[PDB]
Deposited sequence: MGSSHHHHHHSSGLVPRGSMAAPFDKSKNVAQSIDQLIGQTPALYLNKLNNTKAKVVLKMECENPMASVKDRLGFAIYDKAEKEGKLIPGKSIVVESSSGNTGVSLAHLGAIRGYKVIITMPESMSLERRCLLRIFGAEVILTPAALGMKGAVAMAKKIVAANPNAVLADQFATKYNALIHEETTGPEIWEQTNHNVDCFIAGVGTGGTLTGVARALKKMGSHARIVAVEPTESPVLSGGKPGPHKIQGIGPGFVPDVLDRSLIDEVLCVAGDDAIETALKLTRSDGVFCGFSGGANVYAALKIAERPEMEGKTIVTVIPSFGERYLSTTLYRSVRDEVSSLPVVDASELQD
């Protein structure tokens, strides 16, 4: 059986990665279809990328390609893959180096540095291309250093075929008519689609392309940034799901699909990749920040 974390004591926090909950969308869903959210936001470092981090360390160690205390893990990511690599690197005793443009927030730097990752900042003008350049440069310069990106490419779809997809299959009672996720790198889409196919599911596979190459994909749905953003704010207030831009896009897509006549009574599954708190000080929740920042204050004369 997968580790029963609700009933036993874990030996390591990596045993808490995956086996995430699944949640019906209720108040926001005014259709005759069912929408299931795979709550990857509930991972220990608050995103789906914990699965990828674990896969990188676990599979690369098993191949003999990462050695704790010798290998230096180098990654040119600001986002959650870098966070997970830093997190799990710390506990497994790897030096982790993250390159990122200087333009990324202090918060993002801070998240990485709390785990003891070495944060290297690159010129704002060169953007992410410059961070990649720096990472490639650090690795060429040290034979013990490895680019983590090669492992992400090798293992990402596999970990989701092995874990996320089977979990969805069991949670939904072997009943999936449509699976929706982002076209991005480092997500569930390919691996979960493969798992569903292999289980004999006839689920329709929908890739979400945000407006702000596989034989597995049945349909690409383009979602405007402003719809993703608006959906994320509605989600918190309707169903208590607090996520990032990707999750809002996915839910928008799911609701659109759910309005189709042929989807009446069917089960649509989508993914909430990351918890929203990481994004509180970003553009996604700017509307809320701007609002509370200029509230009136009750006069002391009214408080007696």
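- Item | Deposited-sequence stretches lacking C-alpha coordinates, listed in sequence order | Seq positions lacking coordinates: 1 to 21, 234 to 259, 352.
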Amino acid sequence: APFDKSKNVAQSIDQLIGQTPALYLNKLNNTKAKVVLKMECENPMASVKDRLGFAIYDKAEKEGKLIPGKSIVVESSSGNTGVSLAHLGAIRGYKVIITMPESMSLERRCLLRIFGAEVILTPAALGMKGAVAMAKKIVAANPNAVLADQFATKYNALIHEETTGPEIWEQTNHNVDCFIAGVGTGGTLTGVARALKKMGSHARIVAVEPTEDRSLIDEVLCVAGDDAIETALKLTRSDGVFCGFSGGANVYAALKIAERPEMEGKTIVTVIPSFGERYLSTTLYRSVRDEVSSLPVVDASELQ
From here on, numbers count along this sequence of modelled residues.
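- Message: Tell me which stretch, 77 to 85 or 152 to 160, has the higher mean Cα B-factor listed in the entry.
- Response: Per the PDB entry, the higher value belongs to 77 to 85.
- Item | Which of 283 to 291 and 16 to 24 has higher mean CA B factor, as the PDB entry lists it | The entry gives the higher C-alpha B-factor average to 283 to 291.
- Query: Among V223, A117, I205, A141, where is the Cα temperature factor highest, going by the PDB entry?
  - Reply: It is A141.
- Which one of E107, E230, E170, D177 shows the biggest C-alpha B-factor in the PDB entry? Result of the comparison over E107, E230, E170, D177: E107.
- Message: By the recorded C-alpha temperature factor, relative to the other modelled residues in its chain, which third is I67 in?
- Response: As the PDB entry reports it, the C-alpha B-factor of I67 lands in the highest third of its chain.
- Query: C-alpha B factor of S246, ranked within the chain: lowest, middle or highest third?
  - Reply: Its C-alpha B-factor belongs to the lowest third of this chain's values.
- Message: Which third, lowest, middle or highest, does the C-alpha temperature factor of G186 belong to within its own chain?
- Response: As the PDB entry reports it, the C-alpha B-factor of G186 lands in the highest third of its chain.
- Item | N30 - which third its CA temperature factor falls in, relative to the rest of the chain | According to the entry, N30 has a C-alpha B-factor in the chain's highest third.
- Sort the modelled residues of this chain by their C-alpha B factor and say whether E262 lands in the lowest, middle or highest third. Its C-alpha B-factor, which the entry lists for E262, ranks in the highest third among residues of this chain.
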